[PDB]
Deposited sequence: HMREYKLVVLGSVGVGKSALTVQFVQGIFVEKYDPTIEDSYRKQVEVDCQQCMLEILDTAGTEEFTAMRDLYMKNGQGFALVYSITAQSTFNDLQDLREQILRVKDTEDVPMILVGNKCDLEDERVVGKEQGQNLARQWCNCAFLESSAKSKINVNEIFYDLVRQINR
């Protein structure tokens, strides 16, 4: 049997959690904004020559319900928007929650600076993300675009690789 991977996409409202997930799963860019309550997806992918079943939880941007998916989740994508400084600042608290709930520091994680196609609206320079990754003991870090498809697959594949290690 192929291994199953429970992945959780986290971050503040409007950063592109849903857009990244739908681009990855269905190859469609979601232009219309509708705030998520909870969406889940199942997709079979090949990672390092092996078939993998990915269970992806696309979470609400804005309790006990948060604790549960952190307890259950195996890998976490912490997403901010490069166009919104506050969404970047919000991520420290999310990380702290995860590590506390998991009761460990070694949790599969990736820092994702989304909307990298909107270069003219950039507020969060790539060096901020790199510095945060450094603070988090060399946490995986990528800049992505759900619209252009840049580094979309890489987000989820990297989490699988971290879970495998």
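Against the full deposited sequence, the model leaves out just one stretch, namely 63-65.
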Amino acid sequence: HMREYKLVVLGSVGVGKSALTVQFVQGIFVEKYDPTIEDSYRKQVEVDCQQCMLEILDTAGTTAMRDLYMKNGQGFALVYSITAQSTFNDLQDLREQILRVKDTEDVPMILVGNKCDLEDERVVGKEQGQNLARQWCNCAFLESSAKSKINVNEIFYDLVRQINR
From here on, numbers count along this sequence of modelled residues.
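Relative to one another, 48-56 and 126-134 have unequal mean CA B-factors, and 48-56 is the one with the higher figure. Higher average CA B factor: 113-121, of the stretches 113-121 and 136-144. Among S40, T104, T36, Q26, the highest C-alpha B-factor recorded in the PDB entry belongs to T104. Ranked against the other modelled residues of its chain, the C-alpha B-factor of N89 as given in the entry falls in the middle third. Ranked within its chain, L159 lands in the lowest third, by CA B factor from the PDB record. The entry lists a Cα temperature factor for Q74 that places it in the middle third of the chain's modelled residues.
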